[PDB]
>>> print(open('model.pdb').read())   # PDB, C-alpha atoms and all ligand atoms
MODEL        1
ATOM      1  CA  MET A   1       4.410 -58.792 -15.987
ATOM      2  CA  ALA A   2       4.947 -55.318 -17.446
ATOM      3  CA  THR A   3       4.187 -52.412 -15.107
ATOM      4  CA  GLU A   4       2.771 -52.180 -11.574
ATOM      5  CA  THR A   5       0.228 -49.397 -12.163
ATOM      6  CA  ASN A   6      -3.504 -50.146 -12.040
ATOM      7  CA  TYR A   7      -5.231 -53.489 -11.430
ATOM      8  CA  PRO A   8      -2.181 -55.703 -10.816
ATOM      9  CA  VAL A   9      -2.844 -59.434 -11.225
ATOM     10  CA  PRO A  10      -3.938 -61.535  -9.485
ATOM     11  CA  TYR A  11      -6.851 -59.093  -9.437
ATOM     12  CA  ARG A  12      -9.728 -59.573  -6.994
ATOM     13  CA  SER A  13     -12.695 -57.318  -6.293
ATOM     14  CA  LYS A  14     -15.530 -57.781  -3.808
ATOM     15  CA  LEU A  15     -18.688 -56.331  -5.338
ATOM     16  CA  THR A  16     -20.547 -53.576  -3.472
ATOM     17  CA  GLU A  17     -23.820 -55.316  -4.269
ATOM     18  CA  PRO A  18     -24.614 -58.599  -6.060
ATOM     19  CA  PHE A  19     -24.367 -58.763  -9.861
ATOM     20  CA  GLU A  20     -27.813 -58.061 -11.321
ATOM     21  CA  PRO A  21     -29.617 -58.507 -14.648
ATOM     22  CA  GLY A  22     -28.821 -55.509 -16.847
ATOM     23  CA  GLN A  23     -25.321 -54.900 -15.461
ATOM     24  CA  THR A  24     -22.110 -55.295 -17.464
ATOM     25  CA  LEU A  25     -18.553 -56.129 -16.371
ATOM     26  CA  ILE A  26     -16.003 -54.701 -18.802
ATOM     27  CA  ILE A  27     -12.445 -56.057 -18.823
ATOM     28  CA  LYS A  28      -9.754 -54.590 -21.085
ATOM     29  CA  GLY A  29      -6.076 -55.511 -21.164
ATOM     30  CA  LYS A  30      -2.814 -56.214 -22.980
ATOM     31  CA  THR A  31      -1.137 -59.558 -23.661
ATOM     32  CA  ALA A  32       2.426 -60.435 -24.671
ATOM     33  CA  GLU A  33       3.886 -62.486 -27.513
ATOM     34  CA  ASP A  34       4.526 -65.180 -24.919
ATOM     35  CA  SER A  35       1.195 -64.939 -23.079
ATOM     36  CA  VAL A  36      -0.327 -68.415 -22.823
ATOM     37  CA  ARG A  37      -3.644 -67.849 -21.050
ATOM     38  CA  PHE A  38      -5.626 -65.748 -18.584
ATOM     39  CA  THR A  39      -8.906 -66.100 -16.722
ATOM     40  CA  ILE A  40     -11.924 -64.030 -15.742
ATOM     41  CA  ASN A  41     -14.031 -65.385 -12.901
ATOM     42  CA  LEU A  42     -17.321 -64.394 -11.320
ATOM     43  CA  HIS A  43     -16.730 -65.825  -7.830
ATOM     44  CA  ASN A  44     -18.703 -66.787  -4.753
ATOM     45  CA  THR A  45     -17.336 -66.318  -1.228
ATOM     46  CA  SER A  46     -17.411 -64.150   1.896
ATOM     47  CA  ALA A  47     -14.480 -61.714   1.808
ATOM     48  CA  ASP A  48     -11.217 -63.552   1.096
ATOM     49  CA  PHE A  49     -12.096 -67.240   1.462
ATOM     50  CA  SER A  50     -12.655 -68.043  -2.232
ATOM     51  CA  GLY A  51     -12.623 -71.574  -3.609
ATOM     52  CA  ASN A  52     -16.381 -71.810  -3.244
ATOM     53  CA  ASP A  53     -18.719 -71.541  -6.236
ATOM     54  CA  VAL A  54     -17.727 -70.051  -9.585
ATOM     55  CA  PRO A  55     -21.018 -69.328 -11.441
ATOM     56  CA  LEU A  56     -19.009 -68.314 -14.507
ATOM     57  CA  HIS A  57     -15.391 -69.218 -15.271
ATOM     58  CA  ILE A  58     -13.895 -67.815 -18.465
ATOM     59  CA  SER A  59     -10.580 -69.116 -19.809
ATOM     60  CA  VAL A  60      -8.947 -67.444 -22.797
ATOM     61  CA  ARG A  61      -6.374 -69.837 -24.181
ATOM     62  CA  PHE A  62      -3.731 -68.793 -26.680
ATOM     63  CA  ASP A  63      -2.269 -72.295 -26.885
ATOM     64  CA  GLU A  64      -5.631 -73.942 -27.612
ATOM     65  CA  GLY A  65      -6.849 -70.891 -29.508
ATOM     66  CA  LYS A  66     -10.178 -70.982 -27.676
ATOM     67  CA  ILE A  67     -12.260 -69.153 -25.063
ATOM     68  CA  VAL A  68     -13.638 -71.748 -22.651
ATOM     69  CA  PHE A  69     -16.594 -71.257 -20.283
ATOM     70  CA  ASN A  70     -17.653 -73.418 -17.334
ATOM     71  CA  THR A  71     -19.131 -73.441 -13.850
ATOM     72  CA  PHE A  72     -17.751 -74.812 -10.598
ATOM     73  CA  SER A  73     -20.242 -75.647  -7.845
ATOM     74  CA  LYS A  74     -20.652 -78.153  -5.028
ATOM     75  CA  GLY A  75     -16.986 -79.088  -5.383
ATOM     76  CA  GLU A  76     -17.106 -79.979  -9.067
ATOM     77  CA  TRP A  77     -16.810 -78.601 -12.582
ATOM     78  CA  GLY A  78     -19.467 -78.969 -15.238
ATOM     79  CA  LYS A  79     -18.999 -79.548 -18.965
ATOM     80  CA  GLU A  80     -16.943 -76.887 -20.731
ATOM     81  CA  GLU A  81     -18.429 -74.876 -23.617
ATOM     82  CA  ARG A  82     -16.064 -73.399 -26.221
ATOM     83  CA  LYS A  83     -15.822 -70.628 -28.787
ATOM     84  CA  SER A  84     -12.859 -69.672 -30.958
ATOM     85  CA  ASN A  85     -10.313 -67.228 -29.512
ATOM     86  CA  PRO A  86      -9.991 -64.393 -32.046
ATOM     87  CA  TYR A  87      -6.878 -63.037 -30.352
ATOM     88  CA  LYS A  88      -3.281 -63.892 -31.208
ATOM     89  CA  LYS A  89      -0.539 -63.662 -28.575
ATOM     90  CA  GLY A  90      -0.004 -59.946 -28.211
ATOM     91  CA  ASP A  91      -2.579 -57.281 -29.114
ATOM     92  CA  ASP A  92      -5.238 -56.049 -26.698
ATOM     93  CA  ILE A  93      -8.320 -57.854 -25.427
ATOM     94  CA  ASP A  94     -11.785 -56.477 -24.697
ATOM     95  CA  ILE A  95     -14.214 -58.835 -22.999
ATOM     96  CA  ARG A  96     -17.581 -57.717 -21.635
ATOM     97  CA  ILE A  97     -20.000 -59.802 -19.591
ATOM     98  CA  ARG A  98     -23.626 -58.645 -19.305
ATOM     99  CA  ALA A  99     -25.925 -60.442 -16.865
ATOM    100  CA  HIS A 100     -29.571 -61.141 -17.772
ATOM    101  CA  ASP A 101     -32.168 -63.200 -15.887
ATOM    102  CA  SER A 102     -31.507 -66.438 -17.763
ATOM    103  CA  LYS A 103     -27.928 -66.122 -19.035
ATOM    104  CA  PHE A 104     -24.699 -64.106 -19.270
ATOM    105  CA  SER A 105     -24.019 -62.525 -22.654
ATOM    106  CA  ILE A 106     -20.322 -62.308 -23.443
ATOM    107  CA  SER A 107     -18.908 -60.044 -26.133
ATOM    108  CA  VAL A 108     -15.351 -60.013 -27.477
ATOM    109  CA  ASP A 109     -14.237 -56.765 -29.121
ATOM    110  CA  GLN A 110     -17.844 -55.617 -28.629
ATOM    111  CA  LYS A 111     -19.168 -58.493 -30.719
ATOM    112  CA  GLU A 112     -21.546 -60.960 -29.074
ATOM    113  CA  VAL A 113     -19.858 -64.381 -29.155
ATOM    114  CA  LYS A 114     -21.468 -66.375 -26.371
ATOM    115  CA  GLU A 115     -24.690 -66.848 -24.447
ATOM    116  CA  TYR A 116     -24.032 -68.876 -21.292
ATOM    117  CA  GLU A 117     -27.208 -69.989 -19.516
ATOM    118  CA  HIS A 118     -27.106 -69.756 -15.720
ATOM    119  CA  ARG A 119     -26.279 -73.092 -14.123
ATOM    120  CA  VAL A 120     -26.277 -71.740 -10.554
ATOM    121  CA  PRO A 121     -27.751 -68.580  -8.986
ATOM    122  CA  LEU A 122     -26.479 -65.321 -10.480
ATOM    123  CA  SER A 123     -27.051 -63.917  -6.991
ATOM    124  CA  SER A 124     -24.248 -66.121  -5.662
ATOM    125  CA  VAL A 125     -21.718 -63.983  -7.548
ATOM    126  CA  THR A 126     -20.114 -61.795  -4.857
ATOM    127  CA  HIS A 127     -16.634 -61.248  -6.292
ATOM    128  CA  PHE A 128     -14.875 -61.260  -9.637
ATOM    129  CA  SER A 129     -11.222 -61.899 -10.359
ATOM    130  CA  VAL A 130      -8.809 -61.720 -13.285
ATOM    131  CA  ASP A 131      -5.481 -63.561 -13.394
ATOM    132  CA  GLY A 132      -2.926 -64.929 -15.830
ATOM    133  CA  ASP A 133      -0.923 -63.610 -18.769
ATOM    134  CA  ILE A 134      -2.629 -60.247 -19.080
ATOM    135  CA  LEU A 135      -1.928 -56.635 -18.141
ATOM    136  CA  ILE A 136      -5.276 -55.131 -17.133
ATOM    137  CA  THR A 137      -5.831 -51.587 -18.393
ATOM    138  CA  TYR A 138      -9.530 -51.055 -17.604
ATOM    139  CA  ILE A 139     -12.173 -52.652 -15.415
ATOM    140  CA  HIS A 140     -15.693 -51.404 -14.801
ATOM    141  CA  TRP A 141     -18.938 -52.951 -13.625
ATOM    142  CA  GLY A 142     -22.265 -51.148 -13.704
ATOM    143  CA  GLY A 143     -25.065 -50.037 -15.977
ATOM    144  CA  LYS A 144     -28.611 -51.392 -16.014
ATOM    145  CA  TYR A 145     -31.465 -51.858 -18.443
ATOM    146  CA  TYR A 146     -31.751 -48.311 -19.751
ATOM    147  CA  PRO A 147     -35.179 -47.750 -21.325
ATOM    148  CA  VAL A 148     -35.063 -46.024 -24.731
ATOM    149  CA  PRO A 149     -36.294 -43.360 -25.489
ATOM    150  CA  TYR A 150     -34.264 -42.253 -22.486
ATOM    151  CA  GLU A 151     -34.133 -38.927 -20.663
ATOM    152  CA  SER A 152     -32.507 -37.667 -17.483
ATOM    153  CA  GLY A 153     -30.787 -34.701 -15.934
ATOM    154  CA  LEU A 154     -27.015 -34.539 -15.578
ATOM    155  CA  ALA A 155     -25.638 -34.110 -12.048
ATOM    156  CA  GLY A 156     -25.797 -30.607 -10.638
ATOM    157  CA  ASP A 157     -22.891 -29.240 -12.629
ATOM    158  CA  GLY A 158     -23.792 -31.371 -15.637
ATOM    159  CA  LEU A 159     -21.489 -31.829 -18.614
ATOM    160  CA  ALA A 160     -19.030 -28.935 -18.472
ATOM    161  CA  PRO A 161     -15.638 -28.279 -20.069
ATOM    162  CA  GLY A 162     -13.147 -30.643 -18.466
ATOM    163  CA  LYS A 163     -15.804 -33.327 -18.104
ATOM    164  CA  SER A 164     -17.031 -36.088 -20.390
ATOM    165  CA  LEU A 165     -20.204 -38.112 -20.744
ATOM    166  CA  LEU A 166     -19.514 -41.781 -21.434
ATOM    167  CA  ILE A 167     -22.231 -43.792 -23.130
ATOM    168  CA  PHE A 168     -21.983 -47.491 -23.931
ATOM    169  CA  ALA A 169     -24.525 -48.610 -26.497
ATOM    170  CA  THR A 170     -25.174 -51.091 -29.269
ATOM    171  CA  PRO A 171     -26.887 -49.926 -32.464
ATOM    172  CA  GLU A 172     -29.799 -52.263 -33.235
ATOM    173  CA  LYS A 173     -29.049 -54.994 -35.787
ATOM    174  CA  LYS A 174     -31.856 -53.823 -38.076
ATOM    175  CA  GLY A 175     -31.735 -50.222 -36.913
ATOM    176  CA  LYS A 176     -31.782 -47.282 -39.292
ATOM    177  CA  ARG A 177     -30.698 -44.542 -36.891
ATOM    178  CA  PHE A 178     -30.579 -43.243 -33.335
ATOM    179  CA  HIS A 179     -29.573 -40.033 -31.596
ATOM    180  CA  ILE A 180     -28.163 -38.554 -28.420
ATOM    181  CA  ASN A 181     -29.025 -35.053 -27.276
ATOM    182  CA  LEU A 182     -27.000 -32.960 -24.848
ATOM    183  CA  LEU A 183     -29.396 -30.256 -23.683
ATOM    184  CA  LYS A 184     -29.628 -26.951 -21.842
ATOM    185  CA  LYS A 185     -32.233 -26.040 -19.214
ATOM    186  CA  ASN A 186     -34.519 -24.345 -21.759
ATOM    187  CA  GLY A 187     -34.693 -27.289 -24.127
ATOM    188  CA  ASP A 188     -32.088 -26.091 -26.620
ATOM    189  CA  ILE A 189     -29.825 -28.895 -27.789
ATOM    190  CA  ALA A 190     -26.155 -27.956 -27.461
ATOM    191  CA  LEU A 191     -25.222 -31.113 -29.344
ATOM    192  CA  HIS A 192     -27.349 -33.486 -31.397
ATOM    193  CA  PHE A 193     -25.316 -36.654 -32.203
ATOM    194  CA  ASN A 194     -27.256 -38.604 -34.861
ATOM    195  CA  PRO A 195     -25.778 -41.711 -36.571
ATOM    196  CA  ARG A 196     -27.607 -42.595 -39.797
ATOM    197  CA  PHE A 197     -26.611 -45.985 -41.198
ATOM    198  CA  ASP A 198     -28.892 -45.366 -44.172
ATOM    199  CA  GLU A 199     -26.967 -42.248 -45.203
ATOM    200  CA  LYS A 200     -23.672 -43.725 -43.971
ATOM    201  CA  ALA A 201     -22.850 -40.705 -41.815
ATOM    202  CA  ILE A 202     -23.228 -39.206 -38.351
ATOM    203  CA  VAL A 203     -25.071 -35.900 -38.371
ATOM    204  CA  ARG A 204     -24.128 -33.342 -35.707
ATOM    205  CA  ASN A 205     -26.250 -30.237 -35.151
ATOM    206  CA  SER A 206     -27.695 -27.869 -32.549
ATOM    207  CA  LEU A 207     -31.306 -26.932 -31.779
ATOM    208  CA  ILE A 208     -31.532 -23.288 -30.728
ATOM    209  CA  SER A 209     -34.895 -21.641 -30.075
ATOM    210  CA  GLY A 210     -36.643 -24.473 -31.883
ATOM    211  CA  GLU A 211     -34.436 -24.114 -34.957
ATOM    212  CA  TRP A 212     -31.928 -26.643 -36.294
ATOM    213  CA  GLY A 213     -28.545 -25.287 -37.323
ATOM    214  CA  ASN A 214     -26.128 -25.889 -40.187
ATOM    215  CA  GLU A 215     -25.470 -29.646 -39.780
ATOM    216  CA  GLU A 216     -22.043 -31.254 -39.754
ATOM    217  CA  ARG A 217     -21.471 -34.662 -41.309
ATOM    218  CA  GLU A 218     -18.236 -36.006 -42.835
ATOM    219  CA  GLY A 219     -16.453 -38.787 -40.981
ATOM    220  CA  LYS A 220     -17.236 -42.207 -42.522
ATOM    221  CA  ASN A 221     -19.162 -43.481 -39.482
ATOM    222  CA  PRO A 222     -17.127 -45.945 -37.394
ATOM    223  CA  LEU A 223     -20.306 -47.520 -35.982
ATOM    224  CA  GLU A 224     -21.818 -50.826 -37.113
ATOM    225  CA  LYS A 225     -25.257 -52.364 -36.576
ATOM    226  CA  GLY A 226     -25.232 -54.973 -33.827
ATOM    227  CA  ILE A 227     -21.746 -54.066 -32.617
ATOM    228  CA  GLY A 228     -21.116 -52.474 -29.218
ATOM    229  CA  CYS A 229     -19.583 -49.010 -29.096
ATOM    230  CA  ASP A 230     -18.015 -46.656 -26.572
ATOM    231  CA  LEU A 231     -19.070 -43.058 -27.065
ATOM    232  CA  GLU A 232     -17.318 -40.250 -25.237
ATOM    233  CA  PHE A 233     -18.498 -36.679 -25.381
ATOM    234  CA  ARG A 234     -15.439 -34.835 -24.142
ATOM    235  CA  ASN A 235     -16.506 -31.260 -23.429
ATOM    236  CA  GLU A 236     -13.700 -28.763 -23.930
ATOM    237  CA  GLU A 237     -13.195 -24.998 -23.969
ATOM    238  CA  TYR A 238     -13.842 -24.508 -27.676
ATOM    239  CA  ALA A 239     -15.516 -27.687 -28.835
ATOM    240  CA  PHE A 240     -16.889 -31.107 -28.070
ATOM    241  CA  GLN A 241     -14.308 -33.781 -28.840
ATOM    242  CA  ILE A 242     -16.418 -36.761 -29.934
ATOM    243  CA  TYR A 243     -14.620 -40.058 -29.352
ATOM    244  CA  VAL A 244     -15.900 -43.325 -30.770
ATOM    245  CA  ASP A 245     -14.268 -46.548 -29.583
ATOM    246  CA  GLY A 246     -11.153 -44.742 -28.386
ATOM    247  CA  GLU A 247     -10.595 -42.749 -31.592
ATOM    248  CA  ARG A 248     -11.515 -39.087 -32.119
ATOM    249  CA  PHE A 249     -14.365 -39.245 -34.621
ATOM    250  CA  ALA A 250     -15.066 -35.525 -34.718
ATOM    251  CA  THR A 251     -14.805 -32.080 -33.153
ATOM    252  CA  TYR A 252     -17.859 -29.856 -32.791
ATOM    253  CA  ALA A 253     -17.396 -26.144 -32.172
ATOM    254  CA  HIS A 254     -19.713 -24.928 -29.412
ATOM    255  CA  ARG A 255     -22.708 -23.033 -30.751
ATOM    256  CA  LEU A 256     -24.171 -22.551 -27.304
ATOM    257  CA  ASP A 257     -22.258 -21.475 -24.232
ATOM    258  CA  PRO A 258     -20.767 -24.601 -22.691
ATOM    259  CA  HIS A 259     -21.494 -25.057 -18.990
ATOM    260  CA  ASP A 260     -24.985 -25.824 -17.723
ATOM    261  CA  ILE A 261     -25.430 -28.764 -20.111
ATOM    262  CA  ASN A 262     -27.836 -30.392 -17.652
ATOM    263  CA  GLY A 263     -29.937 -32.651 -19.850
ATOM    264  CA  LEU A 264     -29.591 -35.917 -21.743
ATOM    265  CA  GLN A 265     -31.918 -37.616 -24.221
ATOM    266  CA  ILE A 266     -31.288 -40.838 -26.133
ATOM    267  CA  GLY A 267     -33.651 -42.125 -28.803
ATOM    268  CA  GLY A 268     -33.939 -44.166 -31.983
ATOM    269  CA  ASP A 269     -32.844 -47.677 -32.949
ATOM    270  CA  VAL A 270     -30.336 -48.325 -30.166
ATOM    271  CA  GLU A 271     -29.762 -50.260 -26.951
ATOM    272  CA  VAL A 272     -28.066 -48.433 -24.081
ATOM    273  CA  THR A 273     -26.073 -50.455 -21.564
ATOM    274  CA  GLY A 274     -24.029 -47.845 -19.724
ATOM    275  CA  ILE A 275     -24.030 -44.149 -18.900
ATOM    276  CA  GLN A 276     -21.396 -42.361 -16.824
ATOM    277  CA  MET A 277     -20.063 -38.862 -16.216
ATOM    278  CA  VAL A 278     -16.270 -38.750 -15.802
TER     279      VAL A 278
HETATM  280  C1  LIG B   1     -34.585 -28.992 -41.783
HETATM  281  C2  LIG B   1     -34.435 -30.359 -42.378
HETATM  282  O1  LIG B   1     -35.409 -30.920 -42.885
HETATM  283  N1  LIG B   1     -33.216 -30.902 -42.325
HETATM  284  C3  LIG B   1     -32.963 -32.230 -42.873
HETATM  285  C4  LIG B   1     -32.292 -32.149 -44.242
HETATM  286  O2  LIG B   1     -33.146 -31.424 -45.132
HETATM  287  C5  LIG B   1     -32.497 -30.692 -46.146
HETATM  288  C6  LIG B   1     -32.349 -31.464 -47.466
HETATM  289  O3  LIG B   1     -33.586 -32.090 -47.749
HETATM  290  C7  LIG B   1     -31.925 -30.520 -48.599
HETATM  291  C8  LIG B   1     -31.739 -31.191 -49.970
HETATM  292  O4  LIG B   1     -31.350 -30.242 -50.952
HETATM  293  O5  LIG B   1     -32.874 -29.473 -48.786
HETATM  294  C9  LIG B   1     -32.976 -28.673 -47.616
HETATM  295  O6  LIG B   1     -33.952 -27.644 -47.818
HETATM  296  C10 LIG B   1     -33.550 -26.749 -48.824
HETATM  297  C11 LIG B   1     -34.726 -26.535 -49.781
HETATM  298  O7  LIG B   1     -34.987 -27.678 -50.571
HETATM  299  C12 LIG B   1     -34.537 -25.366 -50.740
HETATM  300  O8  LIG B   1     -35.755 -25.121 -51.406
HETATM  301  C13 LIG B   1     -34.132 -24.128 -49.950
HETATM  302  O9  LIG B   1     -33.776 -23.107 -50.847
HETATM  303  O10 LIG B   1     -32.989 -24.445 -49.180
HETATM  304  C14 LIG B   1     -33.206 -25.399 -48.161
HETATM  305  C15 LIG B   1     -31.929 -25.484 -47.325
HETATM  306  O11 LIG B   1     -30.832 -25.780 -48.167
HETATM  307  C16 LIG B   1     -33.380 -29.469 -46.387
HETATM  308  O12 LIG B   1     -33.313 -28.650 -45.225
HETATM  309  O13 LIG B   1     -32.055 -33.468 -44.723
HETATM  310  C17 LIG B   1     -31.124 -34.187 -43.933
HETATM  311  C18 LIG B   1     -30.799 -35.522 -44.623
HETATM  312  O14 LIG B   1     -31.959 -36.340 -44.671
HETATM  313  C19 LIG B   1     -31.733 -34.389 -42.545
HETATM  314  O15 LIG B   1     -30.811 -35.066 -41.720
HETATM  315  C20 LIG B   1     -32.130 -33.055 -41.902
HETATM  316  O16 LIG B   1     -32.916 -33.291 -40.756
HETATM  317  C21 LIG B   1     -32.190 -33.017 -39.542
HETATM  318  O17 LIG B   1     -31.251 -34.038 -39.231
HETATM  319  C22 LIG B   1     -30.552 -33.870 -38.009
HETATM  320  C23 LIG B   1     -29.506 -34.971 -37.856
HETATM  321  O18 LIG B   1     -28.574 -34.905 -38.914
HETATM  322  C24 LIG B   1     -31.559 -33.889 -36.860
HETATM  323  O19 LIG B   1     -32.189 -35.154 -36.805
HETATM  324  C25 LIG B   1     -32.605 -32.785 -37.046
HETATM  325  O20 LIG B   1     -33.618 -32.908 -36.070
HETATM  326  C26 LIG B   1     -33.236 -32.828 -38.439
HETATM  327  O21 LIG B   1     -33.959 -31.644 -38.692
ENDMDL
END
>>> encode(input="model.pdb", output="structure tokens")
Amino acid sequence: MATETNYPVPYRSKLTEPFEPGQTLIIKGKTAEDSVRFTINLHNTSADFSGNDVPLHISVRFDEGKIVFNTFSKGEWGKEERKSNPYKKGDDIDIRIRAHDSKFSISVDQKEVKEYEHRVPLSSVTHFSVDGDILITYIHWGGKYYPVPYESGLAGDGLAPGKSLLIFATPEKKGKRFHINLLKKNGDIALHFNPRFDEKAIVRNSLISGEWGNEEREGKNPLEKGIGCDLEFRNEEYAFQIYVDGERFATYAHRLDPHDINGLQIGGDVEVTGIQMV
């Protein structure tokens, strides 16, 4: 154990609606120097029964030093498939499971490590559970296949100080660049976030009355082609606090009045797997 707090294990959650292609289940947590193993299961059952089908069973083993995947159905287990466990007892874990129509794609530390073909119906997944030697710190399931170029409005209040836009994406393996625009009602871009792997920098700028501003770079670019990332545009009183994978990558002084940031555009060489306003 460690602390009661959020998601105490054994953790069990009954999905609102079945798990569908395009959706991702994100599980983050902490382990101890004596942690031996923990499991993540996509379960089948009514409400509390359990013990039925397990379309996908994931076992992270610190003793064996492996992450083992399998399926349980019709009262029996199939043949296990293994990958190396990159984690040592202690240090945090970050495992994400994205469903597709023919397989589950599992990433560890945002790096794709396994493609597990469906052995039983994905639609039979009605619950998911986490248990074992792990202290869960974050769980989230959602997203969809976001078409890119992407464009949509932001709530009614939009992105305002005190709020943050969370975007989960993966820069394309052979991508050169992509961008994310936070816009105003008239088309002006309050913030243009533009990673350029060719120039090894992330350009930040504003588009006011059809004109691009100064342009702020400097940072080193913490993004990498083919690796998943968590972008957070934390809107504050005096500036946007741009967080990349949990670390503050940059601050961007507001050039346009905050408030009323009602638009979002995403384009370029990137795959988007999650968008949320928190
Ligand atoms: C407006 C534009 O094209 N911005 C580009 C940026 O272009 C600048 C550079 O090419 C520099 C090199 O010295 O010259 C600048 O123009 C000079 C001009 O040569 C001089 O004759 C004159 O006296 O001064 C001007 C201004 O100093 C160009 O403006 O190049 C960067 C790097 O490739 C581009 O990123 C930038 O395009 C903008 O990038 C943003 C993301 O960082 C957005 O994508 C935005 O939409 C682009 O406009």
>>> closest_residue(input="model.pdb", among="A:246, A:219, A:263, A:162", to="residue 182 (chain A)", atoms="all atoms listed in the file")
A:263
>>> atom_distance(input="model.pdb", atom1="CA of residue 183 (chain A)", atom2="CA of residue 26 (chain A)")
28.3 Å
>>> resolve_selection(input="model.pdb", expression="the PyMOL selection byres (((not hetatm)) within 8 of (chain B and resi 1))", output="list in words")
residues 179, 192, 193, 194, 195, 196, 199, 202, 203, 204, 205, 207, 212, 215, 216 and 217 of chain A
>>> atom_distance(input="model.pdb", atom1="CA of residue 7 (chain A)", atom2="CA of residue 88 (chain A)")
22.4 Å
>>> resolve_selection(input="model.pdb", expression="the PyMOL selection byres (((chain A and resi 16) around 12) and not hetatm)", output="list in words")
residues 13, 14, 15, 17, 18, 19, 20, 47, 125, 126, 127, 128, 141 and 142 of chain A
>>> resolve_selection(input="model.pdb", expression="the PyMOL selection byres (((chain A and resi 124) around 9) and not hetatm)", output="NGL selection string")
:A and (18-19 or 43-45 or 53-55 or 120-123 or 125-126)
>>> atom_distance(input="model.pdb", atom1="CA of residue 170 (chain A)", atom2="CA of residue 140 (chain A)")
17.3 Å
>>> residues_around(input="model.pdb", residues="region 266-272 of chain A", least_positions_apart="4", cutoff="6 Å", atoms="only C-alpha atoms", output="number ranges by chain")
A: 146, 148-150, 169-172, 175, 177-180
>>> write_last_selection(input="model.pdb", atoms="C-alpha atoms", output="compact mmCIF listing (two decimals), keeping the file's coordinate frame")
# COMPACT_ATOMS: atom_id res chain seq x y z
CA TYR A 146 -31.75 -48.31 -19.75
CA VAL A 148 -35.06 -46.02 -24.73
CA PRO A 149 -36.29 -43.36 -25.49
CA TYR A 150 -34.26 -42.25 -22.49
CA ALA A 169 -24.52 -48.61 -26.50
CA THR A 170 -25.17 -51.09 -29.27
CA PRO A 171 -26.89 -49.93 -32.46
CA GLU A 172 -29.80 -52.26 -33.24
CA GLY A 175 -31.74 -50.22 -36.91
CA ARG A 177 -30.70 -44.54 -36.89
CA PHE A 178 -30.58 -43.24 -33.34
CA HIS A 179 -29.57 -40.03 -31.60
CA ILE A 180 -28.16 -38.55 -28.42
>>> decode(input="model.pdb", residues="region 177-187 of chain A", atoms="N, CA, C and O atoms", output="mmCIF file, in the first residue's frame")
data_model
loop_
_atom_site.group_PDB
_atom_site.id
_atom_site.type_symbol
_atom_site.label_atom_id
_atom_site.label_comp_id
_atom_site.auth_asym_id
_atom_site.auth_seq_id
_atom_site.Cartn_x
_atom_site.Cartn_y
_atom_site.Cartn_z
ATOM 1 N N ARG A 177 6.636 18.201 -39.246
ATOM 2 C CA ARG A 177 6.059 19.165 -38.323
ATOM 3 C C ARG A 177 4.535 19.104 -38.257
ATOM 4 O O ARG A 177 3.873 18.524 -39.123
ATOM 5 N N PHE A 178 3.990 19.684 -37.196
ATOM 6 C CA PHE A 178 2.552 19.754 -37.017
ATOM 7 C C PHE A 178 2.285 20.995 -36.187
ATOM 8 O O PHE A 178 3.225 21.639 -35.717
ATOM 9 N N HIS A 179 1.017 21.354 -36.025
ATOM 10 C CA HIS A 179 0.693 22.536 -35.243
ATOM 11 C C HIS A 179 -0.650 22.419 -34.543
ATOM 12 O O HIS A 179 -1.480 21.568 -34.875
ATOM 13 N N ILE A 180 -0.845 23.281 -33.556
ATOM 14 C CA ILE A 180 -2.084 23.331 -32.810
ATOM 15 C C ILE A 180 -2.417 24.802 -32.642
ATOM 16 O O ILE A 180 -1.599 25.582 -32.144
ATOM 17 N N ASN A 181 -3.608 25.189 -33.080
ATOM 18 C CA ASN A 181 -4.024 26.575 -32.962
ATOM 19 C C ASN A 181 -5.164 26.748 -31.975
ATOM 20 O O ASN A 181 -6.142 26.003 -31.998
ATOM 21 N N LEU A 182 -5.011 27.741 -31.104
ATOM 22 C CA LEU A 182 -6.015 28.094 -30.116
ATOM 23 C C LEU A 182 -6.524 29.422 -30.660
ATOM 24 O O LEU A 182 -5.807 30.428 -30.629
ATOM 25 N N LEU A 183 -7.759 29.419 -31.155
ATOM 26 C CA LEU A 183 -8.319 30.604 -31.790
ATOM 27 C C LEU A 183 -9.448 31.370 -31.117
ATOM 28 O O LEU A 183 -10.128 30.877 -30.215
ATOM 29 N N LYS A 184 -9.633 32.593 -31.606
ATOM 30 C CA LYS A 184 -10.678 33.501 -31.151
ATOM 31 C C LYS A 184 -11.806 33.415 -32.177
ATOM 32 O O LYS A 184 -11.630 32.839 -33.251
ATOM 33 N N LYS A 185 -12.949 34.009 -31.858
ATOM 34 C CA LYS A 185 -14.106 33.980 -32.746
ATOM 35 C C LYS A 185 -13.862 34.561 -34.140
ATOM 36 O O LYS A 185 -14.448 34.095 -35.118
ATOM 37 N N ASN A 186 -12.996 35.566 -34.240
ATOM 38 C CA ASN A 186 -12.737 36.207 -35.529
ATOM 39 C C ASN A 186 -11.664 35.548 -36.384
ATOM 40 O O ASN A 186 -11.348 36.030 -37.471
ATOM 41 N N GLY A 187 -11.102 34.447 -35.905
ATOM 42 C CA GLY A 187 -10.075 33.778 -36.679
ATOM 43 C C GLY A 187 -8.660 34.072 -36.222
ATOM 44 O O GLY A 187 -7.725 33.424 -36.686
#
